[PDB]
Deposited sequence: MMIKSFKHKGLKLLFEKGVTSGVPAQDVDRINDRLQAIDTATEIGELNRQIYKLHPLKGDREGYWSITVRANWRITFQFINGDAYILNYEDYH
């Protein structure tokens, strides 16, 4: 699915420019892997891998785990992904 906007500007640099200066060095490959999974998935259920720990947020937002409590969150509207974020929850 298309990523329409980024809340976390480090993810934006990584996805759009391949720039790694905005994300932790130890999670660059894992974050890019999950960005590649979002960009390839045509439906939300295609992200329901158990290691991703996909679950809705409590409306319209979703969460996938990168590592430990570090997660990627986004908003699912119009079949696209909005407000991409990388936070420690």
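What are the missing stretches of the deposited sequence, listed from start to end?
Gaps vs deposited seq, in order: 59-61, 93.
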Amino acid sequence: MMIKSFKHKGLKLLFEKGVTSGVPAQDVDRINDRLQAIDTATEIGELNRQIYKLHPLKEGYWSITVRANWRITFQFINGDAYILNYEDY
From here on, numbers count along this sequence of modelled residues.
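Between 29-37 and 48-56, name whichever shows the higher mean Cα B factor according to the PDB entry.
Higher of the two, by average CA B-factor, is 48-56.
Averaging CA B factors per stretch from the PDB record, which one is higher: 17-25 or 71-79?
Comparing averages over the C-alpha atoms only gives 71-79.
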